[PDB]
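The structure appears right after this line, and notes come after that.
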Amino acid sequence: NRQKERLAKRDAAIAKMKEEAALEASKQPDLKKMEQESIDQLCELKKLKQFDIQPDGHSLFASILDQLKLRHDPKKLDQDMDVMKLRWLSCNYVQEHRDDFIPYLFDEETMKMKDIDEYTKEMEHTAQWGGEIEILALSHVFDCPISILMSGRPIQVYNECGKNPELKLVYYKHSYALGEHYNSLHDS
Amino acid sequence: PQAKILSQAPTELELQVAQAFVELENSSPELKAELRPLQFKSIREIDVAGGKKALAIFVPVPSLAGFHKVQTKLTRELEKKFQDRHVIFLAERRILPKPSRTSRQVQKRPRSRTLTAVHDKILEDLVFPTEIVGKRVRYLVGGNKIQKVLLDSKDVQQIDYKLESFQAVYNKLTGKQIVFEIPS
Amino acid sequence: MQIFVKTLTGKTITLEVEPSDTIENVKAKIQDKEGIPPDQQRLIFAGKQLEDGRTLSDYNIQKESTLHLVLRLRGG
Numbered sequence: 120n121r122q123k124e125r126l127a128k129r130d131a132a133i134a135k136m137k138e139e140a141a142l143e144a145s146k147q148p149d150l151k152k153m154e155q156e157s158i159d160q161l162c163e164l165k166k167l168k169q170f171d172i173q174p175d176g177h178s179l180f181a182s183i184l185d186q187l188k189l190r191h192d193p194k195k196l197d198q199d200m201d202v203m204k205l206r207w208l209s210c211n212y213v214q215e216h217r218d219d220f221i222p223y224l225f226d227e228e229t230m231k232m233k234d235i236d237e238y239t240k241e242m243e244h245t246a247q248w249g250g251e252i253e254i255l256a257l258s259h260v261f262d263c264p265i266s267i268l269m270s271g272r273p274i275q276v277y278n279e280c281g282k283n284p285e286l287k288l289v290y291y292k293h294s295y296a297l298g299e300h301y302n303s304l305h306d307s
Numbered sequence: 004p005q006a007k008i009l010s011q012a013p014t015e016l017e018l019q020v021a022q023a024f025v026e027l028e029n030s031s032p033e034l035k036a037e038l039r040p041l042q043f044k045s046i047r048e049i050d051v052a053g054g055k056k057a058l059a060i061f062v063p064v065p066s067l068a069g070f071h072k073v074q075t076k077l078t079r080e081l082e083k084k085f086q087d088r089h090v091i092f093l094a095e096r097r098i099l100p101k102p103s104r105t106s107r108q109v110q111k112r113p114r115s116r117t118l119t120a121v122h123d124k125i126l127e128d129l130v131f132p133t134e135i136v137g138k139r140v141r142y143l144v145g146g147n148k149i150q151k152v153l154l155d156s157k158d159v160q161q162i163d164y165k166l167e168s169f170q171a172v173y174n175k176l177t178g179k180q181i182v183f184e185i186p187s
Numbered sequence: 001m002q003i004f005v006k007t008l009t010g011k012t013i014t015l016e017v018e019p020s021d022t023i024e025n026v027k028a029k030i031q032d033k034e035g036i037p038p039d040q041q042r043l044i045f046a047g048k049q050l051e052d053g054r055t056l057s058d059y060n061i062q063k064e065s066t067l068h069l070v071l072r073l074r075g076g
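Written as structure tokens, this is what we have:
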């Protein structure tokens, strides 16, 4: 049977190359485990447990809405509000301050001056990632303070002058190897 | 390279997801060389009623257990990498036609190569982390048949937003309408 | 030379720098003064984003000037 021999040969070749690259994988270090350990140490220091959030890039708005619902009172919170409603509120806040959003829409990493109205429409009507300036504007509009804890970086606080309770979330860059991901943090 | 992850046919979007594949390969050494041996045959775009299109990634059949080991993780990175998208992995299986009376015999057709068998297989492969607990077929008075699939209530959080995507891709691939239910 | 940088959170950072200092040097100074990594900050002056590998005062950046520091934080 030449076919069973061919099958065994290709299986042995796949296993050998898998072990050969597994040696290089074991040689390389993992920033994900170190970032997870540092985030666990920071969460143990802050005594608040991290809550998982959904992928596809709507994690920022969903985590902000979940942290605001955990922080604010149930009477002040509205059931009609959603992640798309939060993106629309961020777009309306960007339209409220067009001059500040215009310098925020221009990005050195993107190397082009994007329009503020186009960026607001892309944030409201598409699943692209919301900017830090748009998230800060939405937090200032909803008057809930936003606390961002990053592993290996100092803790950041935005919109702390708002009357509503502070919202805690963590953005981890190495936890997802593709890029940064935001997860809401609830007090335990 | 991006050409190695692609099996036969190169177009632009499969080259993009091959670049995403090798970017996930070089990063995350805990899953490195678990995703290295596998290649995928083709990519298909499915339009859904929700407006977020679906990546039907057709892969070789014998390599399917390797995707089954790491499928949750690579699907999570694939939803993150592409906005307004839902990714699904299917195995491109061969359907052999039913031999008629006039036709010459071409060996014996195996029962895994029939149309209903591969349709049930791709229906299972749509919902991977869940397990199907039952099926039903509604025979309506108009003559239409709508197949209802019952899913086990455990770990449905992975796929609960993607059910209408499953309905759209199954309606495109097989021409049959299905409705998912979760018995509780 | 003393310059001021306005952040997205609202804090104004006073940086003591030179008129022949690189943008990467200004990012390293911001990292040493606030802990923000240089790969996450973007500098802007007079509505134009500051490019790396360029010195100060080439875009009329003088003493007691106001620049903008924007954190990316693209987490989704």
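Line by line, the protein sequences give chains A, B and C.
To convert, take the position in the first sequence, counting from 1, and add 119; that gives the UniProt record's numbering.
To convert, take the position in the second sequence, counting from 1, and add 3; that gives the UniProt record's numbering.
With the UniProt record's numbering, letter number 48 in the third sequence gets 48, and the count goes up by one each step, no holes.
Don't be surprised by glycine CBs; every beta carbon is placed ideally from N, CA and C.
query = If we count the other Cβ atoms within 10 Å of its Cβ and call it buried at 16 or more, is B/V182 buried or exposed?
reply = Taking the first residue of the second sequence as 1, we reach residue 182 of chain B at position 179. B/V182 is exposed by the Cβ-count criterion.
task = Report the partner residues of A/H300 according to the DSSP bridge assignment.
result = On the first sequence, position 181 is the one that residue 300 of chain A refers to. Answer is A/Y291, bridged to A/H300.
ask   = Nearest to A/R190 by alpha carbon, out of A/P264, A/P273 and A/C280?
value = Residue mapping note: residue 190 of chain A aligns to position 71 of the first sequence, counting from 1. Among A/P264, A/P273 and A/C280, the Cα nearest to that of A/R190 belongs to A/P264.
inquiry  = DSSP three-state label for B/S31, please.
reply    = What you label residue 31 of chain B is simply residue 28 of the second sequence in a count that begins at 1. B/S31 falls in the coil class under three-state DSSP.
query = Nearest CA to the CA of A/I254: which residue from A/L286, A/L126 and A/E154?
reply = Walking along the first sequence from the start, residue 254 of chain A turns up at place 135. Ranking the options by Cα distance to A/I254, first place goes to A/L286.
query = So, does the CB of C/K29 fall closer than 9 angstroms to a CB anywhere in chain A?
reply = For the purposes of this step, residue 29 of chain C is taken as residue 29 along the third sequence, with counting starting at 1. No, C/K29 lies away from the interface with chain A (no Cβ there is under 9 angstroms from its Cβ).
query = Going by beta carbon distance, what residues of the same chain come within less than 7 angstroms of B/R97, once the five residues before and after it are set aside?
reply = Position 94 of the second sequence, counting from 1, holds the residue named residue 97 of chain B. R116.
key: B/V140 vs B/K151 beta-carbon contact at 9 angstroms   = Indexing the second sequence from 1 puts residue 140 of chain B at position 137. Indexing the second sequence from 1 puts residue 151 of chain B at position 148. Yes, Cβ-Cβ distance for B/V140 and B/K151 is below 9 angstroms.
key: Bridge-paired residues (DSSP) for B/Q150   = For this step, residue 150 of chain B is matched to residue 147 along the second sequence. DSSP lists B/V140 and B/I181 as partners of B/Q150.
inquiry  = Using beta carbons (cut-off 9 angstroms, strictly below), is A/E215 in contact with chain C?
reply    = The residue labelled residue 215 of chain A in the question sits at position 96 within the first sequence. No, no contact with chain C.
Beta-carbon proximity of residue 2 of chain B to B/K44, cut-off 9 angstroms = An answer regarding residue 2 of chain B cannot be provided, because it is not within the stretch 4 to 187 covered by chain B.
ask   = For B/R79, which residues in chain A fall below 7 angstroms Cβ to Cβ?
value = For this step, residue 79 of chain B is matched to residue 76 along the second sequence. Per Cβ cutoff of 7 angstroms: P174.
ask   = Is the shortest distance between the beta-carbon of A/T229 and the beta-carbons of chain B less than 9 angstroms?
value = Taking the first residue of the first sequence as position 1, residue 229 of chain A is located at position 110. Not one chain B Cβ lies under 9 angstroms of A/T229.
task = Output yes or no for whether 9 angstroms exceeds the beta carbon distance between A/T239 and A/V276.
result = Numbered from its first residue, the first sequence carries residue 239 of chain A at position 120. Numbered from its first residue, the first sequence carries residue 276 of chain A at position 157. For A/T239 and A/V276, no; Cβs fall outside 9 angstroms.
query = Would you call the stretch 168-186 of chain B and the stretch 43-50 of chain C in contact, with 3 or more CB pairs under 8 angstroms?
reply = no
Residue range of the unbroken alpha helix (DSSP H) whose run includes B/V121 = Position 118 of the second sequence holds residue 121 of chain B. Counting along the chain, the alpha helix (DSSP H) containing B/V121 begins and ends at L118 to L129.
ask   = Looking at the unbroken beta strand (DSSP E) that takes in B/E48, where does it start and where does it end?
value = Looking up residue 48 of chain B in the second sequence gives position 45. Here the beta strand (DSSP E) through B/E48 covers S45 to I49.
inquiry  = Which residues does DSSP list as the beta-bridge partners of A/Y277?
reply    = Sequence index remark: in the first sequence, residue 277 of chain A carries index 158 (1-based). Answer by DSSP bridge pairing, in chain order: A/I265.
ask   = In chain order, what residues of the same chain lie with their CB nearer than 6 angstroms to the CB of A/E139, ignoring the 5 residues before and after it?
value = In the first sequence, counting from the first residue as 1, residue 139 of chain A sits at position 20. Result list for A/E139: empty, nothing under 6 angstroms.
inquiry  = Can you find the residues in the same chain that come closer than 7 angstroms, C-beta to C-beta, to B/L34, ignoring five residues on each side of it along the sequence?
reply    = Along the second sequence, one-based indexing puts residue 34 of chain B at 31. Cβ within range, chain order: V73 and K76.
message = Determine, for A/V202, whether the minimum Cβ-Cβ distance to residues of chain C falls below 9 angstroms.
response = As a working note, residue 202 of chain A is residue 83 in the first sequence. No, because no Cβ of chain C sits closer than 9 angstroms to the Cβ of A/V202.
key: Neighbouring residues, chain A, relative to C/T22 (Cβ below 7 angstroms)   = Here residue 22 of chain C refers to the residue found at position 22 when the third sequence is read from its first residue. Those within 7 angstroms of C/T22 in chain A number zero; the least Cβ separation is about 14 angstroms.
request  = Mind checking who B/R112 pairs with in its DSSP beta bridge?
outcome  = As a working note, residue 112 of chain B is residue 109 in the second sequence. In the DSSP output, where bridge partners are listed per residue, B/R112 has none listed.
message = My output table needs one value for A/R272: the three-state DSSP class, helix, strand or coil.
response = Taking the first sequence and counting its residues from 1, the one referred to as residue 272 of chain A is at position 153. If DSSP states are grouped into helix, strand and coil, A/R272 belongs with coil.
task = For the beta strand (DSSP E) containing B/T75, list its first residue and its last residue.
result = Taking the first residue of the second sequence as position 1, residue 75 of chain B is located at position 72. Segment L67 to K84 is the alpha helix (DSSP H) holding B/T75; no beta strand (DSSP E) there.
query = Nearest to B/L99 by CA position, among B/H89, B/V90 and B/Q110, is which residue?
reply = Taking the second sequence and counting its residues from 1, the one referred to as residue 99 of chain B is at position 96. The residue with the shortest Cα to Cα distance from B/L99 is B/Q110.
query = Between A/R121 and A/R129, what straight-line distance do the alpha-carbon atoms span, to the nearest angstrom?
reply = Residue 121 of chain A sits at position 2 when you count from the first residue of the first sequence. Residue 129 of chain A sits at position 10 when you count from the first residue of the first sequence. Between A/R121 and A/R129, the C-alpha separation is close to 12 angstroms.
query = Relative to chain A, which residues along the stretch 31-45 of chain B have a C-beta separation below 7 angstroms, given in chain order?
reply = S31, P32, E33, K35, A36, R39 and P40
inquiry  = Can you confirm whether C/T9, when its beta carbon is compared against all beta carbons of chain A, has any partner nearer than 9 angstroms?
reply    = For the purposes of this step, residue 9 of chain C is taken as the residue at position 9 of the third sequence. Yes, C/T9 counts as interfacial toward chain A.
inquiry  = Considering only DSSP beta bridges, list what C/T14 is partnered with.
reply    = Position 14 of the third sequence, counted from the first residue, corresponds to residue 14 of chain C. Per DSSP, C/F4.
message = For a cutoff of 9 angstroms on Cβ pairs, would you count B/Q110 as touching chain A?
response = Counting from 1 along the second sequence, the entry for residue 110 of chain B is found at position 107. By this cut-off, B/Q110 is not an interface position.
message = So, for A/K151: in the same chain, excluding its five sequence neighbours on each side, which residues have a beta-carbon less than 7 angstroms away from its beta-carbon?
response = As a working mapping, residue 151 of chain A is identified with position 32 in the first sequence. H293, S294 and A296, listed in sequence order.
task = For A/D226, go through chain C and note every residue whose CB falls closer than 9 angstroms to its CB, in chain order.
result = In the first sequence, counting from the first residue as 1, residue 226 of chain A sits at position 107. Under the 9 angstroms cutoff, chain C gives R42, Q49, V70 and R72.
ask   = Near C/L67, which residues of its chain fall below 8 angstroms by C-beta distance, leaving aside the five closest residues on each side in sequence?
value = Along the third sequence, one-based indexing puts residue 67 of chain C at 67. So the list reads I3, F4, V5, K6, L43, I44, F45, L50 and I61, once near-sequence residues are dropped.
message = Is the beta carbon of C/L69 closer than 9 angstroms to that of C/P19?
response = Translated into positions along the third sequence, residue 19 of chain C becomes position 19. Translated into positions along the third sequence, residue 69 of chain C becomes position 69. Result no, Cβ atoms of C/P19 and C/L69 do not sit closer than 9 angstroms.
Local conformation of A/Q198 per DSSP, three classes = Walking along the first sequence from the start, residue 198 of chain A turns up at place 79. Correct three-state label for A/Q198: coil.
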